[PDB]
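In the block that follows, a single chain appears as structure tokens, in the form solved without the named molecule.
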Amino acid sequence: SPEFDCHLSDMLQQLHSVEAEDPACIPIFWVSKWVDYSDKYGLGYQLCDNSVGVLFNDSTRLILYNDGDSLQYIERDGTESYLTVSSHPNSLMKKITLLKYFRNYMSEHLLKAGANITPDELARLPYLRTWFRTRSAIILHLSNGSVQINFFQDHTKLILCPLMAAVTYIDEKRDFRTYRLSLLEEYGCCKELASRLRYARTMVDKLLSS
């Protein structure tokens, strides 16, 4: 279905037109940690529920649930299969090994982004659809429609949700604020948020046009 990307294009349209805070719009899922081993292996990530995923170079995906045992494997054509750490096909040994290596690295060394974001609506576990980097940021596109942008220089982050029509901004002080895009469109926002939303427009355009 091209509905998600159309919602994303609709959000892009809204961003072009952009007391606007609304806690009812707080995201349920975002990327809290990531490791870029894309030269040889792929991109590993942690979601805020402590689940870990990898988008491998061969365009396959392996997802470990936060129970630390359950695994979903998604083949290139979209075929989904389920397995566990203890019960798995031999062909998946290397990919499982790599996921556990990434999991250990992130757990040992890395900060959990949005650890202070306060947690009714059904939470459906997404996977990483695609990602790319610029000099200034990493852009992460989740299967639920959400687009996350992490800025390297000041550690500020944006979480863009097309379904909720909302944006969450994590500032340098690690304080989070969630805004309704319609309220930003109608009333405007600070230059701090405005400048990052301008860059986000370019990034989302890049994502959609590819």
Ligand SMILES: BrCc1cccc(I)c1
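One rule holds for the numbers: they count along the sequence shown, beginning at 1. Shifts are known only where both forms have a C-alpha. Think of the rigid core as the biggest set of C-alphas that the two forms share within 1.5 Å after superposition.
Omitted from view is the form solved in complex with the named molecule, to which the following refers.
Student: Between the options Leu71, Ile117, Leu98, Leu128, which residue brings a heavy atom to within 4.5 Å of the named molecule in the deposited bound form?
Tutor: Checking each option against the named molecule in the deposited bound form, the one that comes within 4.5 Å is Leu98.
Student: Would you mind picking out the stretch of 36 to 44, 139 to 147, 181 to 189, 59 to 67 that comes within 4.5 angstroms of the named molecule in the deposited bound form, counting non-hydrogen atoms?
Tutor: Result of the contact check: 36 to 44.
Student: So in the deposited bound form, is the named molecule close enough to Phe132 to count as touching (4.5 Å, heavy atoms)?
Tutor: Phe132: no contact with the named molecule in the deposited bound form.
Student: Given a rigid core superposition, which stretches of at least 3 residues have all Cα atoms displaced by 2 Å or more between the shown form and the other one?
Tutor: Flagged stretch (3+ res, CA at least 2 Å): just 5 to 8.
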